[PDB]
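Below sits a lone chain in structure tokens, taken as the form deposited in one PDB entry.
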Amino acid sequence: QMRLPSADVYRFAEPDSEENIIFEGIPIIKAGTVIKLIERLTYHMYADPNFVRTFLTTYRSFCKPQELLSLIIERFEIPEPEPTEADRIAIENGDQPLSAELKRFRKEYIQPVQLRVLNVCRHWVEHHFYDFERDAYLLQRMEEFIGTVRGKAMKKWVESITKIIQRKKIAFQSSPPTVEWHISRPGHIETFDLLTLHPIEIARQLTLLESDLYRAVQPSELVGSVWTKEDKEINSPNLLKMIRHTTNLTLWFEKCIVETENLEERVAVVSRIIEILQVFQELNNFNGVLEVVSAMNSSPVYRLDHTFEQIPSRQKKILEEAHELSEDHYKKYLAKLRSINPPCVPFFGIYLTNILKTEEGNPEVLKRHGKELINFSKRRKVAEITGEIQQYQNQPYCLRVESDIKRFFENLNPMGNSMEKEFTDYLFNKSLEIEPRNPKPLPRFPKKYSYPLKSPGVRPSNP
């Protein structure tokens, strides 16, 4: 083969050994030092698409962005062998032509490695620009590096990378159905509520909202269970925003239910929420369907036997059928998802559960002769889970946004100023009040709504 740089001048020349890289054409990396991982992330022998994508999605769980950039730049700066004093003089004179060995080295090692590095930089800014958005110094270094790279073969890469960075920094194929209105009138946000807005529109606007929340979540926000750790707000902003939306919506449904003390009005409320679930299902917004199921199964709501006994049989069946989605480890849901095409808002809860388990259930590193190697197979397993999330992030819903309804829901704050525990306890105590435990009979309560409770139904007013 050909002689690579000396270890005392280039760190990525160290031959592979059982102590620096472990494998599972193109072998699969199981573990290794950051150095070897980076070496293979830009291997000169061949391209490694799957490793590049997996590495860029999960590296933060084992290497800082600043250090990664330093490492790939260090990788890029390949030194050439130093000449002797005899060779130096031989060059001043016209003694010999350019070393065929050096020519080969430049062509077979340096150029290919350098191109691999630029390919990583390209994928980095294209799929994970948020690293540079969150760290200005990082963006400066990258731009400085790319901005000084010079070479005929690399010009095209510099151009491409530069274009992506620029556009990142600055930053209906069909007629949608007519917006539906019920009691509340357009523009009159003061009357907006669960029973006053049209159930169809509540479902549509929530689907649009949830679709956007979903599409913004990046896989790296789940890697290393970072959304549950100290720097969660920085590493998982999009994921938290969606989780919080879900918590708030579920709590809002529960709230609407238990605060409606009159039995007939509460039955009306539950029935309307189920109608909303019907439209969520209609739009393939499983996230929404399950938020409803979650509310119905909550401590304060599930125990309201007199309320569920009073809802229409047809809706009891509709709720039962949807409830089956989560049953037995989401067996029915997972099967249903496999044959679904977008637009769709998948249930996210499952991804979080699986990752938490995979993250806790696997070792951060792998011991070899006492040396800690990064367990890359673990990262590949997590990437397998997150890779599924991106499936429905590219197709928008053909539904028109209603800015006022959208705002109403973006601002939902069921808990008011009270805290989590305090509110959850309040809801359960409200449940016990409207439907007391066994011995005590069901007390009657006065109506709280002054408008009709009759639902307009979930069939769009197309005519």
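One rule holds for the numbers: they count along the sequence shown, beginning at 1. What we label the rigid core is the largest C-alpha set whose atoms superpose within 1.5 Å from one form to the other.
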| task | Note whether residue 88 lacks coordinates in a third or more of the other compared entries that model its flanking residues. | result | yes
| Missing coords for residue 98 in a third or more of other PDB entries | yes
| said: Can you tell me how many deposited residues have no coordinates between residue 24 and residue 25? The categories are none, 1 to 3, 4 to 9, and 10 or more. | reply: 4 to 9
| request: Could you bin the unmodelled part of the deposited chain lying between residue 171 and residue 172 as none, 1 to 3, 4 to 9, or 10 or more? | output: 10 or more
| note | Higher of the two mean Cα B-factors (401-409, 417-425; per PDB record) comes from 417-425
| task | Averaging only over Cα atoms, indicate whether 369-377 or 231-239 has the higher B-factor in the PDB entry. | result | 369-377
| query | Whose CA atom has the top B-factor in the entry, of 432, 69, 29, 56? | reply | 29
| Considering only 125, 274, 102, 118, which residue's Cα atom bears the greatest B-factor as recorded? | 102
| Where the record places residue 129 (Cα B-factor, split into thirds across the chain) | lowest
| note | Sorting the chain's modelled residues by C-alpha B-factor and splitting them into thirds places residue 144 in the middle
| task | Select lowest, middle or highest to describe the third in which the CA B-factor of residue 335 falls within its chain in this entry. | result | middle
| request: Would you mind checking where the Cα B-factor of residue 204 ranks among the modelled residues of its chain, as the lowest, middle or highest third? | output: lowest
| request: Could you tell me which third, lowest, middle or highest, the C-alpha B-factor of residue 93 occupies within its chain? | output: highest
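Omitted from view is the form deposited in another entry, to which the following refers.
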| remark: In 320, 82, 193, 388, the 2 Å or greater C-alpha shift between this form and the one not shown, rigid core superposed, occurs only at 82
| message | Aligning on the core only, does the CA of residue 361 end up 2 angstroms or more away between this form and the one not shown? | response | no
